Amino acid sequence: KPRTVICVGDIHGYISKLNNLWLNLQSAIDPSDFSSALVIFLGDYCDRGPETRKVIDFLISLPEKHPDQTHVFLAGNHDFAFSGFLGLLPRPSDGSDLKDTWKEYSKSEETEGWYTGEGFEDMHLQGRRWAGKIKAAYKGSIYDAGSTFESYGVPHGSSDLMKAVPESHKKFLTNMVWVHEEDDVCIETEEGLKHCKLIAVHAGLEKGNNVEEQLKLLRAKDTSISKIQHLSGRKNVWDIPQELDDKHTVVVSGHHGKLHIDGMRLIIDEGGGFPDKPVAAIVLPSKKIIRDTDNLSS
């Protein structure tokens, strides 16, 4: 029997959505299949929604609750920016300063009100934007980070978040991957069951540029890039690119604020961080969509 693969879209601090989705998944999938499933969270665990702390607590609990599952946590653009603020991102491998990432978007500083508190000088651009005070709806910053700060019991933009975030949560953020590659997954197609490679990345991959070169920077967590299109892109990362569009590679993302299935391209973000939208997961091989708003039984 083929291994069950669960890909879960953007959570954005909605603990009730996460919990209810996890509960529904256990009625959609028989216990034997669920117990040994590969579970890929597609990123964006923080911001917009009210309970980031509880979300990360829940995600930390999963290896203990389900010891035979494999858990993969993608970094979303929101989580990258959160990690940046906490100073958890490695210094750029090319020897450049984290402050060098600011220049490209320097004109945006005033309107976005970039963070200038403790440790800002050695902070990635996205960290400063994330903890910024956007000029006046946005929750504190352009990233809606206000709700993340508040879930850890501190005011928006406060350097005290660095003390308030538990060591286990910092460890969780450090353990996030920018890309996940799986050699062999099963997926139902119109022609039947196929074995495919899987690439999971928060937003997607870029056209034109060499795919392996892109994967290299994601594997290595290249922090010299001001805005990582693989985490933050839109139209430029929507399609499966040139080298991978040969029906042997599943490319799964969240990020886009849409649930969109087009053959091997799986975009799983029905929620978009909206309080009134469901969080969806896709279950492979069947490609069935499970939502927190489902009322499933076995």
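Heads up: residue numbers just count along the shown sequence, starting at 1.
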{"property": "Interresidue gap class [residue 136, residue 137; deposited sequence, unmodelled]", "result": "4 to 9"}
{"property": "Stretch with the higher entry mean CA B-factor, where the candidates are 238-246 and 225-233", "result": "238-246"}
{"property": "Entry-level comparison of average CA B-factors, 112-120 and 177-185, reporting the higher stretch", "result": "112-120"}
{"property": "Largest Cα B-factor, entry values, listed residues 83, 106, 151, 126", "result": "106"}
{"property": "Selection by C-alpha B-factor (highest) of 51, 269, 44, 33", "result": "33"}
{"property": "Chain-relative CA temperature factor third for residue 218", "result": "middle"}
{"property": "B-factor third for the C-alpha atom of residue 100 within its chain", "result": "middle"}
{"property": "Chain-relative CA temperature factor third for residue 163", "result": "highest"}
{"property": "CA B-factor ranking of residue 141, expressed as a third of its chain", "result": "middle"}
{"property": "Chain-relative CA temperature factor third for residue 196", "result": "middle"}
